[PDB]
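Enquirer: Let me begin by handing over the structure; questions about it come next.
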Amino acid sequence: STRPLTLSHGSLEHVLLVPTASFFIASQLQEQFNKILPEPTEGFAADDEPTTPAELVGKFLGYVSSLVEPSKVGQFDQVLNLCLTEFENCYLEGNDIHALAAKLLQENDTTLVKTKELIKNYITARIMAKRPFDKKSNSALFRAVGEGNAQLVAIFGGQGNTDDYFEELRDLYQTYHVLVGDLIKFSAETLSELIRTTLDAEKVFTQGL
């Protein structure tokens with residue numbers, strides 16, 4: 001029992017086979033997303049528009065994840081879960097989101113910003129739906145390490161590598177907010193406390209921290 005839905009953008013579309021029970025909710029959210037999804041152009045080569053059906057389904061995933069509220073919530077959890085499973089089955093195979101990002105960056109025409117946005121949307125929707133990444137991965141690298149076919153050493157950089165590292169921090173805070181937001185909040189609190197408890201630290205931090 002399913003009624004074919006359609007998320008559309010110009011010469012680019014994808015159909016979600018929503019169960020007949022929640023087709024009305026799916027259509028309501030789809031109409032709102034149609035309002036949100038900006039009008040198309042030749043090749044969709046403008047900011048805030050998909051270039052591939054996977055991108056558009058991920059954009060809808062993000063839109064619905066924004067409406068859902070973690071904790072007590074009934075409104076859009078079911079539709080979120082359904083479209084999440086649909087996205088995983090139709091685009092991610094059994095692989096990871098970054099593999100799909102690399103695929104869309106190489107074999108298709110998608111910018112780095114759009115694919116980062118897709119990763120952000122997928123991970124945000126996964127955590128919003130109470131679907132934590134609590135299952136150990138099947139990464140080939142770490143399977144090889146387990147069976148003894150690989151040895152890993154971790155190296156960490158320092159100063160002098162780039163002129164704008166805070167842009168890297170902003171990328172981390174935006175793309176993976178749901179994973180490292182607590183860490184960055186804790187770091188900011190710790191640094192503020194360290195400044196507030198060191199004799200004349202506030203002098204070196206002329207514009208604060």
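The chains in the structure tokens are called A, B, ... from first to last as shown; in each chain the residues are counted from 1, and the ligands are counted from 1 in the order shown.
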So that I can check the surroundings of residue 80 (chain A), please list as a VMD selection string every protein, DNA and RNA residue that reaches within 9 Å of it, counting only C-alpha atoms and ignoring chain neighbours fewer than 6 positions away.

Expert: chain A and resid 61 64 to 65 68 125 128 to 129

Enquirer: List the neighbours of region 18-28 of chain A out to 10 Å using only C-alpha atoms; skip same-chain residues closer than 3 positions along the sequence, and give me the result as a list in words.

Expert: residues 1, 2, 3, 4, 5, 6, 7, 15, 31, 32, 33, 34, 64, 75, 76, 78, 79, 80, 82, 83 and 86 of chain A

Enquirer: Using DSSP on the backbone coordinates, identify all residues within region 94-199 of chain A classified as alpha helix (DSSP H); present the result as a VMD selection string.

Expert: chain A and resid 97 to 106 112 to 128 140 to 147 165 to 175 177 to 196

Enquirer: Save out the residues we just selected, C-alpha atoms, as a short mmCIF file (atom, residue, chain, number, x, y, z; two decimals), in the first residue's frame.

Expert:
data_model
loop_
_atom_site.label_atom_id
_atom_site.label_comp_id
_atom_site.auth_asym_id
_atom_site.auth_seq_id
_atom_site.Cartn_x
_atom_site.Cartn_y
_atom_site.Cartn_z
CA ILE A 97 27.72 9.26 3.24
CA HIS A 98 31.22 10.48 2.35
CA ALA A 99 31.48 7.78 -0.32
CA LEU A 100 28.31 9.17 -1.90
CA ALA A 101 29.75 12.68 -1.57
CA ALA A 102 32.92 11.66 -3.41
CA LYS A 103 30.87 9.88 -6.07
CA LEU A 104 28.72 12.95 -6.71
CA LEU A 105 31.83 15.16 -6.71
CA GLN A 106 33.64 13.00 -9.28
CA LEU A 112 32.04 20.91 -2.83
CA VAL A 113 29.65 23.16 -0.89
CA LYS A 114 26.55 21.29 -2.07
CA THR A 115 28.01 17.89 -1.17
CA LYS A 116 29.09 19.17 2.25
CA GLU A 117 25.50 20.36 2.68
CA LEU A 118 24.26 16.89 1.71
CA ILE A 119 26.54 15.26 4.30
CA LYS A 120 25.33 17.75 6.91
CA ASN A 121 21.68 17.05 6.09
CA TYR A 122 22.08 13.27 6.19
CA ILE A 123 23.91 13.25 9.52
CA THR A 124 21.54 15.79 11.08
CA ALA A 125 18.53 13.73 10.01
CA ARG A 126 20.14 10.54 11.32
CA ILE A 127 20.67 12.03 14.76
CA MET A 128 17.28 13.81 14.81
CA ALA A 140 37.69 -1.69 4.54
CA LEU A 141 40.64 0.05 6.19
CA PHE A 142 39.67 -0.93 9.73
CA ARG A 143 38.72 -4.45 8.66
CA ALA A 144 42.19 -4.80 7.15
CA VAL A 145 43.69 -3.47 10.38
CA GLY A 146 41.70 -6.08 12.30
CA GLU A 147 42.88 -8.95 10.13
CA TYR A 165 42.45 27.60 10.04
CA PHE A 166 39.35 29.15 11.60
CA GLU A 167 37.65 28.51 8.29
CA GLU A 168 38.39 24.82 8.90
CA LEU A 169 36.84 25.17 12.35
CA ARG A 170 33.77 26.81 10.81
CA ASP A 171 33.47 23.95 8.33
CA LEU A 172 33.62 21.51 11.24
CA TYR A 173 31.01 23.45 13.22
CA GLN A 174 28.60 23.74 10.28
CA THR A 175 28.88 20.36 8.54
CA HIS A 177 27.50 20.31 14.21
CA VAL A 178 25.65 17.32 15.66
CA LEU A 179 28.87 15.36 16.37
CA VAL A 180 31.35 18.05 17.51
CA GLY A 181 29.04 20.79 18.78
CA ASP A 182 29.22 19.57 22.37
CA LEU A 183 33.01 19.25 22.07
CA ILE A 184 33.39 22.79 20.76
CA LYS A 185 31.01 24.16 23.41
CA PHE A 186 33.06 22.43 26.11
CA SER A 187 36.29 23.78 24.61
CA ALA A 188 34.93 27.33 24.50
CA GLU A 189 33.76 27.09 28.12
CA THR A 190 37.13 25.69 29.20
CA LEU A 191 39.09 28.41 27.42
CA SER A 192 36.87 31.15 28.84
CA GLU A 193 37.39 29.73 32.33
CA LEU A 194 41.15 29.48 31.80
CA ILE A 195 41.24 33.12 30.73
CA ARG A 196 39.03 34.15 33.66
#

Enquirer: At a cut-off of 10 Å, using only C-alpha atoms, what residues contact region 38-40 of chain A? Leave out same-chain residues fewer than 3 positions from it and give the result as an MDAnalysis selection string.

Expert: chainID A and resid 9:12 33:35 43:51

Enquirer: Determine which residues of region 5-209 of chain A receive a DSSP assignment of strand (DSSP E), computed from the backbone, and state them as number ranges by chain.

Expert: A: 7-8, 13-14, 17-19
